[PDB]
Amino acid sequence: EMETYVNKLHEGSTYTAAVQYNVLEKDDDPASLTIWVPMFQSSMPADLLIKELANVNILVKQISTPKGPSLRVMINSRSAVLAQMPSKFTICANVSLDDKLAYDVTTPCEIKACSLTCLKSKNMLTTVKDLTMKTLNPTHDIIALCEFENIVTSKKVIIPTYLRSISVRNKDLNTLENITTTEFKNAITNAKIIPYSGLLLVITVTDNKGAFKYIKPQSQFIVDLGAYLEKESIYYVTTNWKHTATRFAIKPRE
């Protein structure tokens, strides 16, 4: 038994699979950690692929690298389609680990939950890094304010995540309508936050005007929240933090 989650944010038969496992070390006093698999494309219907993703075996090994502690992940599978999926990769230990793991010892883990999110094909995904350097002398930073309610404690949590920097004409500041266009505002209001990279904000870019200038129309603009979750348990977060709204701020730089 295992919890499974399928989020279809795209209708294509072909999609980018964004997969995240919550796992428990097979031991007494077990380490708890979350693994996200490098994105890969598939054309197997999501509701079938999740069945295959649920039947893998995971091992991890904590290592030291120039960037700090890292987790080497190995995924065993008898499912033909998972030839499509990376089987060996590394992720940052600080985001992955809740807590409890020895170094350089390959460690089997029990899968508690598997989440599969279907995104657009990779050529239709835009990252924050993609937009860095598009404006050389920005005047403002655009921040998404991701609001959650912890359903156990009823407390509200806001994670402010950086989207991009932009230069705004003086004339445009008086209403901001040419920057925070109708398309932009709706896209933020309707943004989704899914279980990947800890959490991943996904904004559908419906236009390339204003705050969306230089982005490919109809792309999904994907943004990491994992850097803000290093001191949390990701499994606790994806189980207990309910995404209640997404707001934005267009902050002057200085």
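Numbering starts at 1 and follows the sequence shown.
Gap size between residue 173 and residue 172, counted in deposited residues that the entry leaves unmodelled:
The entry has no unmodelled residues between residue 172 and residue 173.
Regarding 43-51 and 207-215, which shows the higher C-alpha temperature factor on average in the entry?
The entry gives the higher C-alpha B-factor average to 207-215.
According to the deposited model, is the average Cα temperature factor higher in 103-111 or in 161-169?
So the stretch with the higher mean C-alpha B-factor is 103-111.
When the CA B-factors of 117, 154, 180, 139 are compared as recorded in the entry, which is the largest?
Comparing C-alpha B-factors across 117, 154, 180, 139, the maximum falls on 154.
Sorting 198, 38, 69, 30 by Cα temperature factor from the record, which one lands on top?
It is 30.
Third assignment of residue 121 from its chain's C-alpha B-factors:
As the PDB entry reports it, the C-alpha B-factor of residue 121 lands in the highest third of its chain.
Within-chain third of residue 2 by Cα B-factor, per the entry:
Tercile = highest for this residue's CA B-factor.
Rank-wise, by C-alpha B-factor, drop residue 233 into the lowest, middle or highest third of its chain.
It belongs to the middle third of the chain when residues are ordered by C-alpha B-factor.
With respect to C-alpha B-factor, does residue 13 fall in the lowest, middle or highest third of the chain as deposited?
Answer is highest: the recorded C-alpha B-factor places it there.
How does residue 82 rank on Cα B-factor within its chain, lowest, middle or highest third?
Answer is lowest: the recorded C-alpha B-factor places it there.
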